[PDB]
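Below: one structure, written as structure tokens.
There are 2 protein chains.
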Amino acid sequence: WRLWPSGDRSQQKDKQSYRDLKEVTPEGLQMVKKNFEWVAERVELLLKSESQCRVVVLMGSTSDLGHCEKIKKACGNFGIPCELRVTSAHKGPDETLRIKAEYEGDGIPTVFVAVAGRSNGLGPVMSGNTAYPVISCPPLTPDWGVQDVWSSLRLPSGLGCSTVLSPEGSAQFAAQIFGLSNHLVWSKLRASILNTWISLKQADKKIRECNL
Amino acid sequence: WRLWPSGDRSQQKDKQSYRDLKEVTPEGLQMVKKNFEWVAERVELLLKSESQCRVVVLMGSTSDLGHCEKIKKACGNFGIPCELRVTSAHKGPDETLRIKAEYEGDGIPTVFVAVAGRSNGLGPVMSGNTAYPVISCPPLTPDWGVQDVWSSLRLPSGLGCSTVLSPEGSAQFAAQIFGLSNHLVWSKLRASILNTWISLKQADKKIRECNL
Ligand SMILES: Nc1c(C(=O)O)ncn1[C@@H]1O[C@H](COP(=O)(O)O)[C@@H](O)[C@H]1O
Ligand SMILES: Nc1c(C(=O)O)ncn1[C@@H]1O[C@H](COP(=O)(O)O)[C@@H](O)[C@H]1O
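Chains as they are written, first to last, in my numbering: chain A, 14 to 225; chain B, 14 to 225.
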């Protein structure tokens, strides 16, 4: 590769320092060795997380737990710790705000996922009372889903609350948010674009055989 | 009329006491006079309210004020005092519960009307946190009303919250609740059934002329 500290070519740390010597002297080889050592002293830091990430899934009822386990598992695929909590905006709004505050208060950057079926008040109340992002991921079913979703979507002014229906999608959206400030999350999202694209190529190659 | 204290005929207080005398003696006429006096000493109490009544209309935004004025005016027709307040379940849930508590705490029987457009969280949070009745009267319009109403209707278990779309209707429903314990409210509802029925008779009598 070519590696420029501060994007400055004259600070090149790669083998180009050796390619560019008019004449190889043992003084020239010592500079090239220092450049290699400089890269070697820093490369292990690419494996280090520069930012903490956390998703908190808030569920209005334990009957939605299975939907919440899918989000949590999906967060694991992106290396993002994910906590489940039970709170109802309608039956325990005092407790919703207390739980919110525990996660707001410990310094760890957090995305909230609100999982509430029927009339989702949980995402709205959370969205209105935190500066952190909130994603509604309602556990919609074809029975009443067409009716229930509008409670997540049409909110009063001053509410940033987003909606992602896929539970794996809600984790992926939360990963995309953390990927702006965490290169390890970003890299899993980028590789995942590649791998999915490769899977399509491989599936099209297979099905293309039935056309001969 | 015939008036029986405790539904006991032998305690009759009306003119039947006079009709029933075998012979009118001046001792008989004094009993009849006491009966008339007994009714006369109590009749003014039929004009007295036996129970206090109050509606509190809670609105998430001052843009819904006109809808709230219609409920208040309609409460006046039933002789029920009606208060307007501004609170948002989503932007100020701490304040929603504090306001609720001021009305729960002063001993006056209260019906809450929650007026919230879009995703109504106000009726649900109120319904979940008071033993008093809550009525959602969302200011629906034909733009998004078909979508918005389901946020009032499909609630988690443990929520008694009702829905009445008409703003005059929400006051009438609140009157019907107070009419179970207040004879003056009941009487206005009963007379109103009669008067509306008479109006139909009169309108049918008019239109019946165009058929000759
Ligand atoms: N929409 C809400 C809220 C709320 O908004 O506070 N609390 C529970 N729910 C949802 O209603 C369904 C019935 O749950 P329960 O009747 O057991 O409370 C669930 O899917 C829940 O998430
Ligand atoms: N549904 C709610 C809530 C809530 O549920 O807390 N707060 C306001 N609203 C409603 O949203 C519309 C936009 O109001 P704003 O954007 O001015 O808050 C109004 O009709 C209001 O009653």
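Cβ atoms here follow ideal geometry from the backbone N, Cα and C, with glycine treated the same way.
For residue i, which beta-bridge partners are listed by DSSP?
{"i": "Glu96 (chain B)", "result": "B:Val69"}
{"i": "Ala216 (chain B)", "result": "In DSSP, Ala216 (chain B) forms no bridge with anything."}
{"i": "residue 226 (chain A)", "result": "The structure shown does not extend to residue 226 (chain A), since chain A is modelled only from 14 to 225, so the question has no answer here."}
{"i": "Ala127 (chain B)", "result": "B:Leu71 and B:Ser149"}
{"i": "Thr176 (chain B)", "result": "B:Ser149"}
Is residue i close to ligand 2? I mean its beta-carbon at under 6 Å from any heavy atom of the ligand.
{"i": "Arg98 (chain A)", "result": "no"}
Assuming residue i and residue j form a contact by the criterion Cβ under 8 Å, report the distance between their Cβ atoms to the nearest whole angstrom.
{"i": "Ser183 (chain B)", "j": "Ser165 (chain B)", "result": "Not really, about 11 Å apart at Cβ, beyond 8 Å."}
{"i": "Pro180 (chain B)", "j": "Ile84 (chain B)", "result": "5 Å"}
{"i": "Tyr31 (chain A)", "j": "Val45 (chain A)", "result": "5 Å"}
{"i": "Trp157 (chain B)", "j": "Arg203 (chain A)", "result": "Contact flag wrong, Cβ pair sits at about 39 Å."}
{"i": "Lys201 (chain A)", "j": "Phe125 (chain A)", "result": "That belief does not hold up - the Cβ atoms of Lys201 (chain A) and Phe125 (chain A) are roughly 21 Å apart, past 8 Å."}
{"i": "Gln185 (chain A)", "j": "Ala87 (chain A)", "result": "7 Å"}
{"i": "residue 234 (chain A)", "j": "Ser205 (chain A)", "result": "Since the first residue of chain A shown is 14 and the last is 225, residue 234 (chain A) is not available in this structure."}
{"i": "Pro169 (chain B)", "j": "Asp161 (chain B)", "result": "Rounded, the Cβ-Cβ distance is 18 Å, inconsistent with contact."}
{"i": "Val138 (chain B)", "j": "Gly134 (chain A)", "result": "6 Å"}
{"i": "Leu16 (chain A)", "j": "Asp27 (chain A)", "result": "5 Å"}
{"i": "residue 234 (chain A)", "j": "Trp163 (chain B)", "result": "Outside the displayed range of chain A (14 to 225) lies residue 234 (chain A), so it cannot be described from this structure."}
May I ask whether a heavy atom of ligand 1 can be found less than 6 Å away from the beta carbon of residue i?
{"i": "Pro122 (chain B)", "result": "no"}
Decide if the region 111-119 of chain B is in contact with the region 212-224 of chain B; the criterion is three or more beta carbon pairs, one per stretch, under 8 Å apart. No, they do not touch.
Do three or more CB pairs link the region 160-176 of chain A to the region 197-215 of chain A at distances below 8 Å? no
Whose beta carbon lies closer than 7 Å to any heavy atom of ligand 4, going through the chain in order? Ligands displayed in this structure: ligand 1 and ligand 2; ligand 4 is not among them.
Any contact between the region 98-112 of chain B and the region 54-68 of chain A? By contact I mean 3 or more CB pairs, one from each, below 8 Å. no
Quick one: any contact between the region 186-196 of chain A and the region 55-64 of chain A, if contact means 3 or more CB pairs under 8 Å? Yes, the region 186-196 of chain A touches the region 55-64 of chain A.
I'd like to know if the region 21-41 of chain A and the region 88-100 of chain A are in contact, where contact means that at least 3 CB-CB pairs between them fall below 8 Å. no
Looking at chain B, which residues of the region 113-137 of chain A have a Cβ within less than 7 Å of any of its Cβ atoms? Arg131, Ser132, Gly134 and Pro137
Within 8 Å, do at least three Cβ pairs link the region 71-84 of chain B to the region 128-136 of chain B? A contact exists between the region 128-136 of chain B and the region 71-84 of chain B.
Chain A contacts made by the region 151-176 of chain B, where a contact means CB separation under 7 Å: Answer in chain order: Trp157, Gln160, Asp161, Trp163, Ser164, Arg167, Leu168, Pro169, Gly171 and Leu172.
Along the region 80-104 of chain B, where does the CB come closer than 9 Å to a CB of chain A? Name the residues. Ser101, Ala102, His103 and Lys104
What are the residues of the region 59-76 of chain B that lie near chain A, defined by any Cβ-Cβ distance shorter than 9 Å? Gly73 and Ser74
Name the residues in the region 173-205 of chain A whose C-beta lies less than 8 Å from a C-beta of chain B; which are they? Identification of residues in the region 173-205 of chain A having a C-beta nearer than 8 Å to some C-beta of chain B yields an empty set.
Closer than 7 Å, Cβ to any Cβ of chain B: which residues of the region 37-57 of chain A, in chain order? none
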